[PDB]
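Q: Pasting a structure here, questions to come.
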Amino acid sequence: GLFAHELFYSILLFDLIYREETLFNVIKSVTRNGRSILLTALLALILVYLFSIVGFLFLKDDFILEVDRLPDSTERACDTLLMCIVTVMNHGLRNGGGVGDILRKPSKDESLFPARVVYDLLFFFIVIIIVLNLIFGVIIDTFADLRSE
Amino acid sequence: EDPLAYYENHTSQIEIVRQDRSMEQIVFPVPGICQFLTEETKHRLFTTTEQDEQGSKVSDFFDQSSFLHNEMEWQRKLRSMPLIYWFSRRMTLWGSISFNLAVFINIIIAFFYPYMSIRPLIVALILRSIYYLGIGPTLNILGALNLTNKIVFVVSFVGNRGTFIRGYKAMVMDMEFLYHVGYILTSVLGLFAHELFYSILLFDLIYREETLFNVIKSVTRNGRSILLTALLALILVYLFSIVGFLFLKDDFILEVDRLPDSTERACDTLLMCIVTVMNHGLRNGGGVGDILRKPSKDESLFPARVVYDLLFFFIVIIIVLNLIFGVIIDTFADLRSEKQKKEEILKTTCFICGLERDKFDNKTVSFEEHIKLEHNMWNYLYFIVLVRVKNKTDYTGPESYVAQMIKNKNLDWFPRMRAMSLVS
Ligand SMILES: Nc1ncnc2c1ncn2[C@@H]1O[C@H](COP(=O)(O)OP(=O)(O)OP(=O)(O)O)[C@@H](O)[C@H]1O
Ligand SMILES: [Ca+2]
Ligand SMILES: [Zn+2]
C-alpha cells in the first residue's frame with residue numbers, strides 16, 4: 001500500500017474478523033461445513049449443465065438476450081453449449097424466477113408453450129427453491145451444531 | 001515362531017448364559033475360515049446395525065451371521081484365484097479413474113460442443129491429444145477408456161461384494177448394482193448414440209461424496225411433506241385463479257414476444273389463468289400482482305386489487321413457499337440429532353450386553369478390556385461359525401446348548417446387561 005498504490009490498503013480492513021470473535025464465530029458457520037456448501041454448489045452446476053443441454057437441444061431459439069453496445073440490440077445466447085451454460089448459470093441462478101425470466105416470453109398459440117412452461121417451472125423448483133436453499137440450510141445447521149458444542 | 005504366541009492369537013473366549021441363568025466362559029479355538037473375513041465388512045456391520053425395540057443389536061448381528069459366513073467362504077475362493085484378486089483389491093482405483101474421466105469428458109463436451117499427483121500429467125496428455133488428433137478423436141479415446149474401466153470396475157465390484165452369492169435374483173435386487181449397470185448403459189449411449197449423453201454420468205458425484213448425499217437426504221427424508229406443500233400451493237393458486245377469472249379477468253394482460261400485437265389476454269379460460277398464475281406469480285418475488293396490470297387509483301377496483309395482491313403475497317409467497325424450506329431445515333436437524341445419538345451409543349455402549357462405560361469405573365477391568373476380550377462380537381461370530389462347522393457328535397456341553405438355542409431361535413445365550421467381572 002505504501003510503495004505501490006493507495007488502494008492496496010483496502011485489504012487491511014479484513015482485520016475486523018481477527019479482532020472480533022463474534023464475526024469470526026459467525027463466519028465459522030460458513031467455514032465448518034464449507035465442503036458441504038461447495039458440494040451443493042457443484043450439484044447446482046451439474047443441474048444447470050443438464051438444463052442447458054436440454055435447452056440447446058429443444059429450446060435454442062428462445063435464448064435471445066438483449067445487449068447494450070458501447071460506441072442489433074439482441075443476440076443469440078445458445079448457439080454453442082458453452083454459451084448456453086454461461087447464460088443459464090449467470091442469469092437464471094441470479095434471477096429470482098430462474099431461466100424463464102431471461103428466456104423469450106412465449107405466445108399461447110405457439111406449439112411449444114407447454115414445454116416452455118414445464119421447463120421454467122422445473123428449473124425454478126429444482127434449482128432456485130431446493131438446491132440454492134440447501135446452502136442456507138447447511139449454514140443454519142452449522143450454526144446449531146456450533147451452539148450445541 | 002513362538003508356539004504360545006500362535007496359540008494365543010488363534011484362541012478365543014466368550015461368555016454365555018445357561019438355562020439356569022448362570023454365566024459361564026467358553027474358550028474355543030478360532031475356526032480357520034474366520035481369518036478370511038474383511039475389515040470393510042466388519043466396519044460396515046459395526047456401524048450399520050440398528051437397535052431393536054428393547055435396545056439390543058444382537059438380533060440383527062445374529063441375522064447377518066450367515067451372510068458373513070458365506071462372504072468368508074467366497075473370500076477364501078477369491079484368494080485362491082490369483083488374477084481376479086488383483087482387480088478386486090484395487091476397487092477404489094477404478095472408481096477414481098472413472099470419475100476423473102467422466103469429469104474430463106464433460107468438461108471437453110461443454111467447452112467445445114458443437115465441434116466441426118498425476119492429474120496434471122493426464123490433463124497435459126489430454127491437451128496434447130486435442131492439439132494433435134482433435135477434439136472428436138480425443139473424446140472418442142476418452143469414452144473408450146471410460147467404458148473399459150467401467151467394465152473392469154463392475155467385475156471388481158461383483159468380485160469384492162459377492163452379491164451373486166445370495167443369487168442372481170439378489171444380484172439384480174441390489175440397488176448399487178443397478179446403479180452401476182445404469183452407468184454402463186449411459187457410457188455406451190455416450191460412446192455410440194450421442195456425445196451429450198455423457199452428461200448424466202456427472203451424477204456419480206452424489207454417490208462418491210457422502211457429504212453431498214447427506215445434504216440431499218434433507219430433501220429426500222421428508223420429501224412427502226414437500227410434495228404435499230406443493231399440492232397445497234397448487235390448490236391455493238387454483239382458487240386465486242378462479243377469483244381472478246370471475247372478477248379480475250381484464251387485468252390479466254401479459255406482454256408477448258412473437259417470432260416472425262405486443263400483448264395477449266391470459267385469463268380467457270380457467271386453465272390458462274391457472275397456468276399464468278402458477279408460472280408467473282410463484283416465480284415472481286412480489287406475486288401475481290407483478291404480472292397483473294397496474295391499477296389506476298380512480299378505478300373502482302383498486303381497493304380489491306390491493307387486497308388481492310397482498311393476500312396472494314402473504315398466503316402463497318411468504319407462508320406456503322417458505323414451508324418447504326422450513327421442512328428442509330427441520331430435516332437437517334432431525335438427521336443431525338439421529339447421527340449424534342447413534343454415535344454416542346456406538347462409542348459408549350457394549351455391542352453385546354449393552355453395559356455403559358460408567359459401570360466399569362474404578363474396576364479391575366476397563367470398558368476397553370471388556371469389549372476387546374470379555375465381550376467381542378467377532379468372538380461370538382467365530383463361536384457361531386464353530387458350532388455350524390463342528391460335527392454334532394463332537395459337540396461339547398456348552399456347544400450343544402448353544403446349538404439347540406440357535407436352532408430354536410432363542411437369543412438368550414448372549415449375555416444381556418450382565419458381565420462376570422462386574423459381578424465379581
Ligand atoms: N462388543 C463390542 N463393543 C464395542 N466395541 C467392540 C466390541 N467388539 C469389538 N469392538 C471393537 O470393534 C473393533 C474390532 O476389534 P478387533 O478385535 O477386530 O481389533 P483389531 O485391533 O483390529 O484386532 P487384532 O488386535 O486382533 O489384530 C475394535 O475397535 C473393537 O474395540
Ligand atoms: Ca460325543
Ligand atoms: Zn459387554
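For the C-alpha cells, the naming scheme is as follows: chains receive sequential letters (A, B, ...) according to their order of presentation, residues are indexed from 1 within each chain, and ligands are indexed from 1 in presentation order.
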Show me a table, sorted first by chain and then by increasing residue number, of the residues of chain B having an atom at most 8 Å from chain A, each with its shortest atom pair and the distance in Å to one decimal, counting only C-alpha atoms and written as CSV.

A:
residue,atom,partner,partner_atom,distance
B:110,CA,A:82,CA,5.4
B:111,CA,A:82,CA,5.4
B:112,CA,A:82,CA,7.3
B:113,CA,A:81,CA,5.9
B:114,CA,A:80,CA,6.2
B:196,CA,A:53,CA,7.5
B:199,CA,A:50,CA,6.8
B:200,CA,A:50,CA,7.7
B:202,CA,A:46,CA,6.7
B:203,CA,A:46,CA,7.7
B:211,CA,A:36,CA,5.9
B:212,CA,A:39,CA,5.9
B:215,CA,A:36,CA,7.2
B:219,CA,A:130,CA,7.8
B:255,CA,A:105,CA,7.5
B:256,CA,A:105,CA,5.4
B:257,CA,A:105,CA,5.5
B:258,CA,A:107,CA,6.6
B:264,CA,A:107,CA,7.9
B:279,CA,A:121,CA,6.4
B:283,CA,A:97,CA,4.3
B:284,CA,A:97,CA,5.8
B:285,CA,A:96,CA,6.7
B:325,CA,A:133,CA,7.0
B:328,CA,A:137,CA,7.2
B:329,CA,A:137,CA,5.5
B:332,CA,A:141,CA,6.6
B:333,CA,A:141,CA,6.6

Q: Emit the selected residues as a tab-separated table (two decimals), in the first residue's frame, including N, CA and C atoms.

A:
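Result file follows (part.tsv):
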chain	number	residue	atom	x	y	z
B	110	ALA	N	-18.58	-29.64	-22.83
B	110	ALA	CA	-19.15	-28.33	-22.53
B	110	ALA	C	-18.37	-27.23	-23.24
B	111	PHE	N	-17.04	-27.34	-23.26
B	111	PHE	CA	-16.22	-26.25	-23.79
B	111	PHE	C	-16.25	-26.21	-25.31
B	112	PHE	N	-16.36	-27.37	-25.97
B	112	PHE	CA	-16.21	-27.42	-27.42
B	112	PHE	C	-17.49	-27.73	-28.18
B	113	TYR	N	-18.45	-28.43	-27.59
B	113	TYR	CA	-19.64	-28.80	-28.33
B	113	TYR	C	-20.45	-27.56	-28.70
B	114	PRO	N	-20.94	-27.46	-29.94
B	114	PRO	CA	-20.72	-28.37	-31.08
B	114	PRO	C	-19.34	-28.15	-31.69
B	196	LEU	N	-23.63	-36.03	-25.98
B	196	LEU	CA	-24.20	-35.32	-24.84
B	196	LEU	C	-24.72	-36.25	-23.76
B	199	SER	N	-23.34	-36.48	-20.09
B	199	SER	CA	-23.67	-35.53	-19.03
B	199	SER	C	-24.26	-36.23	-17.82
B	200	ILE	N	-25.10	-37.25	-18.05
B	200	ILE	CA	-25.78	-37.91	-16.94
B	200	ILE	C	-24.77	-38.53	-15.98
B	202	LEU	N	-22.35	-37.28	-14.60
B	202	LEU	CA	-21.92	-36.35	-13.57
B	202	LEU	C	-22.65	-36.57	-12.25
B	203	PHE	N	-23.76	-37.30	-12.26
B	203	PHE	CA	-24.48	-37.60	-11.03
B	203	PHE	C	-23.69	-38.52	-10.10
B	211	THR	N	-20.91	-36.58	1.95
B	211	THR	CA	-21.43	-35.30	2.43
B	211	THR	C	-22.56	-34.79	1.54
B	212	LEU	N	-22.39	-34.87	0.22
B	212	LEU	CA	-23.44	-34.42	-0.69
B	212	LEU	C	-24.68	-35.29	-0.55
B	215	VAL	N	-26.47	-34.10	2.43
B	215	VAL	CA	-27.18	-32.86	2.15
B	215	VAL	C	-28.48	-33.15	1.42
B	219	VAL	N	-33.53	-33.14	1.73
B	219	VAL	CA	-34.65	-33.04	0.81
B	219	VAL	C	-35.44	-34.34	0.78
B	255	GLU	N	-47.43	-9.32	-21.58
B	255	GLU	CA	-46.66	-8.98	-22.77
B	255	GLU	C	-46.10	-10.24	-23.41
B	256	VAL	N	-46.03	-10.24	-24.74
B	256	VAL	CA	-45.60	-11.40	-25.51
B	256	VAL	C	-44.64	-10.94	-26.60
B	257	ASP	N	-43.57	-11.71	-26.79
B	257	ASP	CA	-42.65	-11.51	-27.91
B	257	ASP	C	-42.89	-12.63	-28.92
B	258	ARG	N	-43.10	-12.25	-30.18
B	258	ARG	CA	-43.55	-13.17	-31.21
B	258	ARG	C	-42.43	-13.40	-32.22
B	264	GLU	N	-51.20	-10.04	-25.03
B	264	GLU	CA	-52.25	-11.04	-25.18
B	264	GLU	C	-52.97	-11.22	-23.85
B	279	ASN	N	-47.28	-20.16	-13.10
B	279	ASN	CA	-45.97	-19.98	-13.73
B	279	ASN	C	-45.34	-18.65	-13.34
B	283	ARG	N	-43.11	-17.61	-9.34
B	283	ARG	CA	-41.72	-17.32	-9.64
B	283	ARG	C	-41.36	-15.87	-9.31
B	284	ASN	N	-42.31	-14.95	-9.50
B	284	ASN	CA	-42.07	-13.55	-9.18
B	284	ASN	C	-42.04	-13.35	-7.67
B	285	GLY	N	-41.11	-12.52	-7.20
B	285	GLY	CA	-40.99	-12.29	-5.77
B	285	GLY	C	-42.23	-11.64	-5.18
B	325	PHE	N	-38.99	-24.78	2.61
B	325	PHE	CA	-37.67	-24.53	3.17
B	325	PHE	C	-37.63	-24.86	4.66
B	328	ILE	N	-37.20	-28.57	4.94
B	328	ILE	CA	-35.82	-28.96	4.68
B	328	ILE	C	-34.95	-28.67	5.90
B	329	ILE	N	-35.11	-27.48	6.48
B	329	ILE	CA	-34.31	-27.09	7.63
B	329	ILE	C	-34.55	-28.04	8.80
B	332	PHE	N	-32.81	-31.32	8.31
B	332	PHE	CA	-31.40	-31.21	8.65
B	332	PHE	C	-31.16	-31.51	10.13
B	333	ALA	N	-31.91	-30.84	11.01
B	333	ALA	CA	-31.71	-31.02	12.45
B	333	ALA	C	-32.07	-32.43	12.88

Q: Which residues are near ligand 2 - at most 12 Å, using only C-alpha atoms and all ligand atoms? Format: as a short mmCIF file (atom, residue, chain, number, x, y, z; two decimals) with C-alpha atoms, in the first residue's frame.

A:
data_model
loop_
_atom_site.label_atom_id
_atom_site.label_comp_id
_atom_site.auth_asym_id
_atom_site.auth_seq_id
_atom_site.Cartn_x
_atom_site.Cartn_y
_atom_site.Cartn_z
CA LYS B 390 -18.25 -78.81 14.04
CA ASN B 391 -19.88 -82.22 13.74
CA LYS B 392 -22.85 -82.82 16.02
CA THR B 393 -21.21 -85.86 17.63
CA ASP B 394 -18.16 -83.90 18.82
CA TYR B 395 -20.18 -81.06 20.37
CA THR B 396 -19.16 -80.23 23.93
CA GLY B 397 -21.57 -79.34 26.71
CA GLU B 399 -21.68 -76.06 22.34
CA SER B 400 -24.70 -78.37 22.46
#

Q: Excluding residue 238 of chain B and its own-chain neighbours fewer than 4 positions away, which residues fall within 12 Å of it when counting only C-alpha atoms? Please give them as a PyMOL selection string.

A: chain B and resi 231-234+242-245+270-279+312+316

Q: Please dump the current selection as a PDB file, in the first residue's frame; keep N, CA, C and O atoms.

A:
ATOM      1  N   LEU B 231     -48.638 -29.341  -3.377  1.00  0.00           N
ATOM      2  CA  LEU B 231     -50.037 -29.549  -3.740  1.00  0.00           C
ATOM      3  C   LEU B 231     -50.936 -28.498  -3.096  1.00  0.00           C
ATOM      4  O   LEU B 231     -51.888 -28.016  -3.722  1.00  0.00           O
ATOM      5  N   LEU B 232     -50.655 -28.140  -1.842  1.00  0.00           N
ATOM      6  CA  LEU B 232     -51.396 -27.060  -1.197  1.00  0.00           C
ATOM      7  C   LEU B 232     -51.217 -25.750  -1.954  1.00  0.00           C
ATOM      8  O   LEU B 232     -52.179 -24.991  -2.147  1.00  0.00           O
ATOM      9  N   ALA B 233     -49.986 -25.464  -2.379  1.00  0.00           N
ATOM     10  CA  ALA B 233     -49.737 -24.267  -3.174  1.00  0.00           C
ATOM     11  C   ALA B 233     -50.539 -24.298  -4.466  1.00  0.00           C
ATOM     12  O   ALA B 233     -51.095 -23.277  -4.887  1.00  0.00           O
ATOM     13  N   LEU B 234     -50.606 -25.462  -5.113  1.00  0.00           N
ATOM     14  CA  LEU B 234     -51.391 -25.584  -6.337  1.00  0.00           C
ATOM     15  C   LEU B 234     -52.871 -25.333  -6.073  1.00  0.00           C
ATOM     16  O   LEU B 234     -53.547 -24.682  -6.876  1.00  0.00           O
ATOM     17  N   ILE B 242     -59.436 -18.854  -9.928  1.00  0.00           N
ATOM     18  CA  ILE B 242     -60.892 -18.776 -10.027  1.00  0.00           C
ATOM     19  C   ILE B 242     -61.362 -17.363  -9.713  1.00  0.00           C
ATOM     20  O   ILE B 242     -62.186 -16.786 -10.437  1.00  0.00           O
ATOM     21  N   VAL B 243     -60.847 -16.785  -8.626  1.00  0.00           N
ATOM     22  CA  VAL B 243     -61.248 -15.430  -8.253  1.00  0.00           C
ATOM     23  C   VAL B 243     -60.890 -14.447  -9.361  1.00  0.00           C
ATOM     24  O   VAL B 243     -61.699 -13.590  -9.741  1.00  0.00           O
ATOM     25  N   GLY B 244     -59.675 -14.558  -9.900  1.00  0.00           N
ATOM     26  CA  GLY B 244     -59.257 -13.647 -10.952  1.00  0.00           C
ATOM     27  C   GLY B 244     -60.109 -13.766 -12.200  1.00  0.00           C
ATOM     28  O   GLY B 244     -60.485 -12.760 -12.806  1.00  0.00           O
ATOM     29  N   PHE B 245     -60.425 -14.998 -12.603  1.00  0.00           N
ATOM     30  CA  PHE B 245     -61.273 -15.201 -13.771  1.00  0.00           C
ATOM     31  C   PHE B 245     -62.656 -14.605 -13.548  1.00  0.00           C
ATOM     32  O   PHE B 245     -63.220 -13.965 -14.444  1.00  0.00           O
ATOM     33  N   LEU B 270     -60.113 -20.810 -17.682  1.00  0.00           N
ATOM     34  CA  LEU B 270     -59.628 -21.062 -16.331  1.00  0.00           C
ATOM     35  C   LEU B 270     -58.315 -21.834 -16.343  1.00  0.00           C
ATOM     36  O   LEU B 270     -57.440 -21.571 -15.512  1.00  0.00           O
ATOM     37  N   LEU B 271     -58.157 -22.789 -17.263  1.00  0.00           N
ATOM     38  CA  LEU B 271     -56.877 -23.480 -17.378  1.00  0.00           C
ATOM     39  C   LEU B 271     -55.750 -22.497 -17.655  1.00  0.00           C
ATOM     40  O   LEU B 271     -54.685 -22.566 -17.031  1.00  0.00           O
ATOM     41  N   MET B 272     -55.966 -21.574 -18.592  1.00  0.00           N
ATOM     42  CA  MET B 272     -54.928 -20.599 -18.904  1.00  0.00           C
ATOM     43  C   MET B 272     -54.662 -19.665 -17.736  1.00  0.00           C
ATOM     44  O   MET B 272     -53.513 -19.286 -17.490  1.00  0.00           O
ATOM     45  N   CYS B 273     -55.707 -19.256 -17.025  1.00  0.00           N
ATOM     46  CA  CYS B 273     -55.496 -18.356 -15.901  1.00  0.00           C
ATOM     47  C   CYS B 273     -54.712 -19.063 -14.799  1.00  0.00           C
ATOM     48  O   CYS B 273     -53.831 -18.466 -14.168  1.00  0.00           O
ATOM     49  N   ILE B 274     -54.997 -20.350 -14.583  1.00  0.00           N
ATOM     50  CA  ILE B 274     -54.225 -21.148 -13.636  1.00  0.00           C
ATOM     51  C   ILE B 274     -52.775 -21.253 -14.083  1.00  0.00           C
ATOM     52  O   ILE B 274     -51.852 -21.125 -13.270  1.00  0.00           O
ATOM     53  N   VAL B 275     -52.548 -21.518 -15.372  1.00  0.00           N
ATOM     54  CA  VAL B 275     -51.181 -21.625 -15.874  1.00  0.00           C
ATOM     55  C   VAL B 275     -50.438 -20.317 -15.648  1.00  0.00           C
ATOM     56  O   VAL B 275     -49.301 -20.306 -15.164  1.00  0.00           O
ATOM     57  N   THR B 276     -51.073 -19.195 -15.988  1.00  0.00           N
ATOM     58  CA  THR B 276     -50.444 -17.895 -15.790  1.00  0.00           C
ATOM     59  C   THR B 276     -50.091 -17.674 -14.327  1.00  0.00           C
ATOM     60  O   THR B 276     -48.948 -17.330 -14.006  1.00  0.00           O
ATOM     61  N   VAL B 277     -51.052 -17.878 -13.424  1.00  0.00           N
ATOM     62  CA  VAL B 277     -50.777 -17.637 -12.013  1.00  0.00           C
ATOM     63  C   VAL B 277     -49.640 -18.530 -11.535  1.00  0.00           C
ATOM     64  O   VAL B 277     -48.633 -18.040 -11.014  1.00  0.00           O
ATOM     65  N   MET B 278     -49.743 -19.838 -11.773  1.00  0.00           N
ATOM     66  CA  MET B 278     -48.749 -20.768 -11.251  1.00  0.00           C
ATOM     67  C   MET B 278     -47.364 -20.464 -11.809  1.00  0.00           C
ATOM     68  O   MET B 278     -46.368 -20.503 -11.077  1.00  0.00           O
ATOM     69  N   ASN B 279     -47.277 -20.160 -13.105  1.00  0.00           N
ATOM     70  CA  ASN B 279     -45.974 -19.983 -13.734  1.00  0.00           C
ATOM     71  C   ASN B 279     -45.341 -18.654 -13.343  1.00  0.00           C
ATOM     72  O   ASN B 279     -44.124 -18.576 -13.136  1.00  0.00           O
ATOM     73  N   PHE B 312     -52.361 -12.679  -1.854  1.00  0.00           N
ATOM     74  CA  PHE B 312     -51.547 -13.662  -2.560  1.00  0.00           C
ATOM     75  C   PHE B 312     -50.122 -13.661  -2.026  1.00  0.00           C
ATOM     76  O   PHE B 312     -49.564 -14.721  -1.714  1.00  0.00           O
ATOM     77  N   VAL B 316     -49.288 -17.201  -0.165  1.00  0.00           N
ATOM     78  CA  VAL B 316     -48.561 -18.122  -1.033  1.00  0.00           C
ATOM     79  C   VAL B 316     -47.061 -17.866  -0.994  1.00  0.00           C
ATOM     80  O   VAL B 316     -46.279 -18.765  -0.684  1.00  0.00           O
TER      81      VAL B 316
END

Q: Taking only C-alpha atoms and all ligand atoms into account, which residues are within 9 Å of ligand 3, as number ranges by chain?

A: B: 349-356, 367, 370-371, 374-377, 415-419

Q: Write a file of the selected residues as an mmCIF file, in the first residue's frame, keeping C-alpha atoms.

A:
data_model
loop_
_atom_site.group_PDB
_atom_site.id
_atom_site.type_symbol
_atom_site.label_atom_id
_atom_site.label_comp_id
_atom_site.auth_asym_id
_atom_site.auth_seq_id
_atom_site.Cartn_x
_atom_site.Cartn_y
_atom_site.Cartn_z
ATOM 1 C CA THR B 349 -22.089 -48.900 24.930
ATOM 2 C CA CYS B 350 -21.077 -52.546 24.621
ATOM 3 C CA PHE B 351 -22.373 -54.126 21.418
ATOM 4 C CA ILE B 352 -23.381 -57.425 23.027
ATOM 5 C CA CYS B 353 -24.506 -56.776 26.612
ATOM 6 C CA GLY B 354 -25.126 -53.032 26.287
ATOM 7 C CA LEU B 355 -23.489 -52.064 29.580
ATOM 8 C CA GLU B 356 -22.381 -48.442 29.868
ATOM 9 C CA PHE B 367 -14.513 -50.950 29.387
ATOM 10 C CA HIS B 370 -14.332 -55.734 28.397
ATOM 11 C CA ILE B 371 -15.087 -55.019 24.740
ATOM 12 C CA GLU B 374 -14.571 -60.365 27.563
ATOM 13 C CA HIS B 375 -17.293 -59.357 25.062
ATOM 14 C CA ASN B 376 -16.176 -59.413 21.423
ATOM 15 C CA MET B 377 -18.925 -59.591 18.808
ATOM 16 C CA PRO B 415 -25.227 -62.001 27.750
ATOM 17 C CA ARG B 416 -27.573 -59.035 28.207
ATOM 18 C CA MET B 417 -26.895 -56.329 30.807
ATOM 19 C CA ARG B 418 -24.537 -58.661 32.689
ATOM 20 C CA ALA B 419 -20.776 -59.153 32.940
#

Q: Which distance in Å separates atom CA of residue 115 of chain A and atom CA of residue 237 of chain B, to one decimal?

A: 20.2 Å

Q: Of the candidates B:170, B:158, B:107, B:27, which one gets nearest to residue 139 of chain B if we count only C-alpha atoms?

A: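 Selected residue with least distance to residue 139 of chain B: B:107.
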
Q: Per DSSP on the backbone, what are the helix (DSSP H, G or I) residues of segment 11-148 of chain A, as an NGL selection string?

A: :A and (11-19 or 21-32 or 34-58 or 81-92 or 99-102 or 113-148)

Q: Just C-alpha atoms for this one: save the residues we selected as a tab-separated table (two decimals), in the first residue's frame.

A:
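For reference, out15.tsv as written:
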chain	number	residue	atom	x	y	z
A	11	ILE	CA	-7.26	-5.40	2.13
A	12	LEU	CA	-6.30	-4.39	5.67
A	13	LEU	CA	-9.99	-3.92	6.55
A	14	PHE	CA	-10.27	-7.71	6.91
A	15	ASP	CA	-8.56	-7.40	10.32
A	16	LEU	CA	-12.03	-6.86	11.81
A	17	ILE	CA	-12.62	-10.61	11.56
A	18	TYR	CA	-9.42	-11.25	13.52
A	19	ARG	CA	-10.25	-8.59	16.10
A	21	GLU	CA	-14.67	-13.08	17.99
A	22	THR	CA	-18.36	-12.57	17.22
A	23	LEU	CA	-17.79	-12.06	13.49
A	24	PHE	CA	-15.30	-14.93	13.48
A	25	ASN	CA	-17.89	-17.18	15.12
A	26	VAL	CA	-20.48	-16.09	12.54
A	27	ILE	CA	-18.10	-16.92	9.68
A	28	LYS	CA	-17.31	-20.26	11.32
A	29	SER	CA	-20.83	-21.29	10.32
A	30	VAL	CA	-19.87	-20.90	6.67
A	31	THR	CA	-16.40	-22.41	7.09
A	32	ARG	CA	-17.11	-25.51	9.21
A	34	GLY	CA	-17.65	-25.40	3.59
A	35	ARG	CA	-17.09	-28.75	1.88
A	36	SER	CA	-20.83	-29.42	2.07
A	37	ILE	CA	-21.56	-25.94	0.70
A	38	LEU	CA	-19.14	-26.41	-2.20
A	39	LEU	CA	-20.57	-29.85	-2.99
A	40	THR	CA	-24.05	-28.33	-3.10
A	41	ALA	CA	-22.71	-25.67	-5.46
A	42	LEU	CA	-21.24	-28.40	-7.67
A	43	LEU	CA	-24.61	-30.17	-7.72
A	44	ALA	CA	-26.23	-26.90	-8.78
A	45	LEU	CA	-23.66	-26.58	-11.56
A	46	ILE	CA	-24.38	-30.13	-12.78
A	47	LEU	CA	-28.13	-29.48	-12.84
A	48	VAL	CA	-27.54	-26.21	-14.72
A	49	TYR	CA	-25.41	-28.15	-17.21
A	50	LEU	CA	-28.21	-30.66	-17.83
A	51	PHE	CA	-30.80	-27.90	-18.20
A	52	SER	CA	-28.53	-26.12	-20.69
A	53	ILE	CA	-28.20	-29.34	-22.69
A	54	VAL	CA	-31.99	-29.67	-22.83
A	55	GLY	CA	-32.45	-26.03	-23.83
A	56	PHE	CA	-29.81	-26.25	-26.55
A	57	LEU	CA	-31.39	-29.40	-27.98
A	58	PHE	CA	-35.02	-28.23	-27.98
A	81	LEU	CA	-23.27	-25.23	-25.44
A	82	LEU	CA	-20.67	-23.21	-23.54
A	83	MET	CA	-22.58	-20.02	-24.34
A	84	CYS	CA	-25.85	-21.62	-23.23
A	85	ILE	CA	-24.29	-22.90	-19.99
A	86	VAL	CA	-22.82	-19.46	-19.26
A	87	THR	CA	-26.18	-17.80	-19.93
A	88	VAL	CA	-28.08	-20.20	-17.68
A	89	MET	CA	-25.58	-20.08	-14.82
A	90	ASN	CA	-25.15	-16.30	-14.92
A	91	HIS	CA	-28.78	-15.25	-15.39
A	92	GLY	CA	-31.18	-17.98	-14.26
A	99	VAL	CA	-34.18	-19.00	-16.64
A	100	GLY	CA	-37.75	-18.21	-17.69
A	101	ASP	CA	-37.09	-14.54	-16.94
A	102	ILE	CA	-34.29	-14.20	-19.50
A	113	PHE	CA	-45.70	-23.31	-24.92
A	114	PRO	CA	-46.43	-26.28	-22.58
A	115	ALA	CA	-42.83	-27.43	-22.96
A	116	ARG	CA	-41.56	-23.95	-22.09
A	117	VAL	CA	-43.87	-23.75	-19.06
A	118	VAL	CA	-42.67	-27.12	-17.77
A	119	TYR	CA	-39.05	-26.13	-18.40
A	120	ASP	CA	-39.30	-22.87	-16.45
A	121	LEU	CA	-41.25	-24.34	-13.54
A	122	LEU	CA	-38.94	-27.35	-13.25
A	123	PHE	CA	-35.87	-25.10	-13.23
A	124	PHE	CA	-37.43	-22.83	-10.60
A	125	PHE	CA	-38.43	-25.67	-8.28
A	126	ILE	CA	-35.39	-27.94	-8.66
A	127	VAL	CA	-32.65	-25.27	-8.67
A	128	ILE	CA	-33.91	-21.99	-7.23
A	129	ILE	CA	-36.17	-23.30	-4.47
A	130	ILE	CA	-34.40	-26.55	-3.43
A	131	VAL	CA	-30.74	-26.63	-4.47
A	132	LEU	CA	-29.99	-22.98	-3.70
A	133	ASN	CA	-31.81	-23.11	-0.36
A	134	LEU	CA	-29.76	-26.14	0.70
A	135	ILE	CA	-26.68	-23.95	1.17
A	136	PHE	CA	-28.59	-21.71	3.59
A	137	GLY	CA	-29.92	-24.81	5.35
A	138	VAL	CA	-26.35	-26.06	5.72
A	139	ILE	CA	-25.30	-22.72	7.21
A	140	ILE	CA	-28.19	-22.80	9.71
A	141	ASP	CA	-27.38	-26.39	10.68
A	142	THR	CA	-23.76	-25.39	11.24
A	143	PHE	CA	-24.97	-22.55	13.47
A	144	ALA	CA	-26.95	-25.05	15.54
A	145	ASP	CA	-24.08	-27.55	15.77
A	146	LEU	CA	-21.64	-24.86	16.91
A	147	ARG	CA	-24.10	-23.68	19.55
A	148	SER	CA	-24.61	-27.22	20.86

Q: Near residue 379 of chain B, counting only C-alpha atoms, which residues have an atom at most 8 Å away, once you skip same-chain residues fewer than 3 positions from it, shown as a PyMOL selection string?

A: chain B and resi 12-14+375-376+382-383

Q: State, in Å with one decimal place, the distance from atom CA of residue 198 of chain B to atom CA of residue 223 of chain B.

A: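 Atom CA of residue 198 of chain B sits 28.4 Å away from atom CA of residue 223 of chain B.
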
Q: Please measure the separation of atom CA of residue 323 of chain B and atom CA of residue 221 of chain B, giving the value in Å to one decimal.

A: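 Calculated distance between atom CA of residue 323 of chain B and atom CA of residue 221 of chain B is 15.5 Å.
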